[PDB]
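*Asks:* So I pulled this structure from the PDB, and the sequence comes with it:
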Amino acid sequence: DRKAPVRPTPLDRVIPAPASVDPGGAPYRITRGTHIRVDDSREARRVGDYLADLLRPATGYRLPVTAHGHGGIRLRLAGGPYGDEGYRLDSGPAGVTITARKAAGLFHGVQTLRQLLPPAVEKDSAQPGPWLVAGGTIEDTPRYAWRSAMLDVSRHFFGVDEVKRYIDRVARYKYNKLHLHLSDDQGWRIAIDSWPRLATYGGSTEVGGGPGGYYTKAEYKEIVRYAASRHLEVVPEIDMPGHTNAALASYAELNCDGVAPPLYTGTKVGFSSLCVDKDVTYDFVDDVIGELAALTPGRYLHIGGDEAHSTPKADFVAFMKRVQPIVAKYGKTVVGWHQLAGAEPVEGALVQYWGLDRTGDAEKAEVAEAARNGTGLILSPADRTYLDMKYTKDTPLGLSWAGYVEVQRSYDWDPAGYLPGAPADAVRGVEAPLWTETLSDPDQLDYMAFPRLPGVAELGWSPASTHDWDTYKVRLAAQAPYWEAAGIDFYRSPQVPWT
Ligand SMILES: CC(=O)N[C@@H]1[C@@H](O)[C@H](O)[C@@H](CO)O[C@H]1O
């Protein structure tokens, strides 16, 4: 009965592991007459409508959302110790109530609710259920505030609808930030009015050749809006001064020798550089950052900084000294890859650590030192949470430069004690990046993102006391019939005892 169990899933069998699970009593059962009762506010109705949309196809129930009466599913905003993102979920014969201080907390409780319901909830046509929700109480708040997924749309372009699909994948696991890698050597993916060839020329291809693509400002705004409705803050990245061939190919004047390189369709890294010694470089960066900041309601702007291997170290330092303030000039907080730690992060900056177990002590120390100097740390180790990395030598997609990363390796660590010498309170959270050198359609993104994506979300969300591979893998195994019913391809790791 994998597909429609006789009994409800246990209250604690959700990912991320909730901070507190107190099972008891009889379950709630959704039936054809169940109403979704919300507060009389637009933002409460928005979460109710989102929930109703998730449940209508598989139940075939009306599930009206209203602000009157005693509905069997109640979403309510109230004072409580749940913070900006936490919630309480109460379940029993009298109904399900999700209580939070903010809409994002109600939204997170909905993500829990959809895992308490059975896998048939994922289907697009009406199903018998039964639509049971285990009885008891869950109280849940996040460990870290930076819980991020990245999608590379530079190596292969993914359009608005494909990004919305990826957004809905990550929303399941309470990620709250979406990092978009909007430019690299093989593509420039955001239209800039002051430099119109970036998109029309630099966006014209991708890895492997053929058509590429880019977002108009209207499309980018729609991605941001859709992400916001799934409580994801969009963090855009324009990588500089390396990984810049698409821009360089578009404007001859940006290049050291004044010659535009060809458009690049390979998969090498490290070979491109903005010209640090030319004034037009900083006009360009200021134009791009200013236009991107105007489209970005979130707090953060990512300037990259990785693999500027055609930029001599002293020039990289000078470049970063000059461009970091452009970000604050347009009202945003700088984020960069942890190479920025070698180039004097400005106050308030965060750096994203993509090192590995084998990274040298000196490099780790430079990052721990920036943490001591007040730089926030985002942890996305390339041998842990890079979702493009192969599971084993036989994986048919992805890369292997960081070694192989099976499911247990991806999950089985503690952000608080990961980087030697780094103060635990400098760790802002975690990110799971999905690079797309090898991935050109949404099914391939699913196969590499799943099943490690929920594990990185748990590292960002769950208390360290709940962390345990042997019991986590049981909760992970339980996702198989959900993913199967939803059409989500995933790697059936032999480490996981799949349901
Ligand atoms: C910060 C970073 O990750 N840089 C590159 C990235 O451009 C590339 O897509 C990835 C593939 O795993 O390998 C890294 O070396």
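*Replies:* Arrived safely, thanks for sending. Residues are numbered from 1 along each chain as shown.

*Asks:* show me the contacts for the one residue sitting closest to the centre of the chain.
*Replies:* With distances taken as C-alpha atoms, centre = their mean, the residue of the chain nearest its centroid is residue 149 (1.8 Å). By C-beta atoms under 8 Å, 6 or more residues apart in numbering, the residues touching residue 149 are 166, 170, 175, 177, 178, 179, 431, 432, 433, 434, 453, 456. (Each C-beta comes from the backbone N, C-alpha and C, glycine too.)

*Asks:* Enumerate the residues of this protein near the ligand.
*Replies:* Contact residues, the chain versus the ligand (C-beta under 6 Å from any ligand atom): 269, 306, 307, 337, 354, 386, 388, 399, 435, 437.

*Asks:* State the helix or strand in which residue 98 lies.
*Replies:* For residue 98, the element it lies in under DSSP states H and E is strand 95-100.

*Asks:* which helices and strands sit right next to that strand?
*Replies:* If contacts are counted by 3 or more C-beta pairs under 8 Å, 6 or more residues apart in numbering; DSSP states H and E, strand 95-100 sits against strand 73-77, strand 87-92, helix 103-116.

*Asks:* So what's the gap between the longest one and the chain middle?
*Replies:* Going back to what we said before, that points to helix 103-116. 17 Å (C-alpha atoms, centre = their mean, to the nearest Å).

*Asks:* Other residues contacting whichever helix or strand comes after that helix?
*Replies:* For helix 103-116, the following helix or strand on the C-terminal side (DSSP H and E) is strand 131-133. Outside strand 131-133, the residues within contact range by C-beta under 8 Å, 6+ apart are 7-8, 27-31, 59, 91, 96, 113, 116-118, 121.

*Asks:* change it to 6 Å
*Replies:* Residues outside strand 131-133 that contact it (C-beta atoms under 6 Å, 6 or more residues apart in numbering) are 8, 27, 28, 29, 30, 91, 96, 116.

*Asks:* Pairing partners for that strand, with directions?
*Replies:* Strand 131-133 pairs in its sheet with strand 28-30 (antiparallel), by DSSP bridges.

*Asks:* part of a strand, is residue 351?
*Replies:* Yes - counting by DSSP: H, G, I helix; E, B strand; the rest coil, residue 351 is found in a strand.

*Asks:* Please verify my assumption that it contacts residue 339.
*Replies:* No - using C-beta atoms under 6 Å, residue 351 makes no contact with residue 339, being 8.2 Å away.

*Asks:* Tell me which of these two has more neighbours.
*Replies:* residue 351 (26 against 22; other C-beta atoms under 10 Å).

*Asks:* Quick check: ChimeraX command selecting the buried ones in the residues of the chain next to the ligand.
*Replies:* The ChimeraX command for the buried members of the residues of the chain next to the ligand (criterion: 16 or more other C-beta atoms under 10 Å) is given here:
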select :306,307,337,354,386,388,399,435,437
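
*Asks:* of the contacts of strand 131-133, closest to the ligand?
*Replies:* Checking the contacts of strand 131-133 against the ligand with C-beta to the nearest ligand atom, the nearest one is residue 116 at 35.5 Å.

*Asks:* Just give the closest residue to the closest one, not the sequence neighbours.
*Replies:* residue 133 (4.7 Å; C-beta to C-beta, 6 or more residues apart in numbering).

*Asks:* Bridging across strands, which residues link to the one you found?
*Replies:* The partner residues for residue 133, given DSSP bridges, come to residue 28.

*Asks:* got the helices and strands packed on strand 95-100 as a markdown table, with mean neighbour count and distance to residue 315 columns?
*Replies:* Output for the helices and strands packed on strand 95-100, formatted as a markdown table (neighbours: other C-beta atoms under 10 Å; distance: least, C-beta to C-beta, whole Å):
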| stretch | mean neighbour count | distance to residue 315 |
| --- | --- | --- |
| strand 73-77 | 21 | 52 |
| strand 87-92 | 23 | 49 |
| helix 103-116 | 23 | 42 |
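
*Asks:* Can I get these in a markdown table including distance to residue 48?
*Replies:* Formatted as a markdown table, those follow (distance: least, C-beta to C-beta, whole Å):
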| stretch | distance to residue 48 |
| --- | --- |
| strand 73-77 | 6 |
| strand 87-92 | 14 |
| helix 103-116 | 9 |
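
*Asks:* residues in contact with stretch 238-251?
*Replies:* 183-185, 187-188, 197-198, 201-202, 254-255, 260-261, 263-264, 272-274, 288, 303-304, 307-308, 311, 319.

*Asks:* gap between it and the chain center?
*Replies:* Distance of stretch 238-251 from its chain centroid, counting by C-alpha atoms, centre = their mean, is 24 Å.

*Asks:* and what of stretch 236-243?
*Replies:* Averaging C-alpha coordinates over stretch 236-243 and over its chain gives two centres that are 18 Å apart (C-alpha atoms, centre = their mean).

*Asks:* hey, C-alpha coordinates of that stretch in PDB?
*Replies:* C-alpha atoms of stretch 236-243 as PDB (Å, rounded to 0.1, in the frame of the first residue of the first chain):
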ATOM      1  CA  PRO A 236      21.100  37.400  -8.100                       C
ATOM      2  CA  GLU A 237      24.700  36.900  -9.100                       C
ATOM      3  CA  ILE A 238      26.800  38.700 -11.700                       C
ATOM      4  CA  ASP A 239      30.100  37.000 -11.400                       C
ATOM      5  CA  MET A 240      33.100  39.200 -11.600                       C
ATOM      6  CA  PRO A 241      35.900  39.800 -12.600                       C
ATOM      7  CA  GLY A 242      36.300  36.200 -13.700                       C
ATOM      8  CA  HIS A 243      33.600  34.000 -15.400                       C
END
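
*Asks:* and stretch 59-69, which residues are buried?
*Replies:* Buried-residue list, stretch 59-69, by 16+ other C-beta under 10 Å: 59, 61, 63, 65.

*Asks:* quick one: contacts of that stretch?
*Replies:* Applying C-beta under 6 Å, 6+ apart, the contact partners of stretch 59-69 are 32, 35, 36, 38, 40, 45, 48, 49, 52, 55, 56, 126.

*Asks:* cool, and stretch 452-468?
*Replies:* By C-beta under 6 Å, 6+ apart, stretch 452-468 touches 15-17, 19, 142-144, 147, 173-175, 385, 407, 410-411, 414-415, 429-430, 432.

*Asks:* Quick check: PyMOL command selecting the buried ones in those.
*Replies:* Of the contacts of stretch 452-468, the buried ones go into a single PyMOL selection, burial set by 16+ other C-beta under 10 Å:
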select buried, resi 15+16+17+19+142+143+144+147+173+174+175+385+407+410+411+415+429+430+432
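
*Asks:* Dump the contacts of stretch 59-69 to a markdown table, plus secondary structure, distance to residue 380 and neighbour count.
*Replies:* Shown next, in a markdown table, are the contacts of stretch 59-69 (DSSP: H, G, I helix; E, B strand; the rest coil; distance: C-beta to C-beta, whole Å; neighbours: other C-beta atoms under 10 Å):
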| residue | secondary structure | distance to residue 380 | neighbour count |
| --- | --- | --- | --- |
| 32 | coil | 45 | 10 |
| 35 | coil | 42 | 21 |
| 36 | strand | 36 | 23 |
| 38 | strand | 36 | 27 |
| 40 | coil | 41 | 9 |
| 45 | helix | 36 | 18 |
| 48 | helix | 34 | 26 |
| 49 | helix | 33 | 15 |
| 52 | helix | 35 | 20 |
| 55 | helix | 33 | 22 |
| 56 | helix | 36 | 14 |
| 126 | coil | 41 | 13 |
